């Protein structure tokens, strides 16, 4: 995924008289864990091609409490990934956030390094939860970066996916 400029700094103010969108959200997994004996255990990524989900986008709606809700409306729908257990079993997964609806804390006056988005997604047989932890904001450009954690049930397994993300926020 893209990265922020090395001098990126500040907060990204949110004008309550305007409406906003996520123009691009890219999720780059760094870890796939699969439940075995009740424990999420690490697996090795086998897929050599890109595993990132990119181009995710949609409105950021305002709720009655000043929180923002991101509604995914377009983007790459899924990425097929294969991971390998320690003992050699290869497991195909579809990494996705299709139909994501995710909200921030109340009283959004600016996107900062303490902003979080939490929500759920669901597509076909997968039901999932994800948290986006913003870690860096470029207030000039609307670019943000952070880490994410998702949990879902893809292909008969319970899977946790974690990684880094990049996003760009802008007025409608």
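Positions refer to the first chain, counted from 1.
As listed in the deposited structure, the average C-alpha B-factor of 73 to 81 and of 86 to 94 is greater for 86 to 94. Stretch comparison (56 to 64 versus 129 to 137) by mean CA B-factor in the PDB entry places 56 to 64 on top. Of the candidates 41, 145, 46, 111, it is 46 whose Cα B-factor is highest according to the PDB record. You'll see in the entry that, of 50, 31, 37, 115, the Cα B factor peaks at 50. For residue 172, the recorded CA temperature factor ranks within the middle third of the chain's modelled residues. Per-chain ranking of the deposited C-alpha B factor places residue 124 in the highest third. In the deposited entry, the Cα temperature factor of residue 103 places it in the lowest third of its chain's modelled residues.
The deposited CA B-factor of residue 21 belongs to the lowest third of values across its chain.
Remark: residue 161 belongs to the middle third of its chain, ranked by C-alpha B-factor as recorded.
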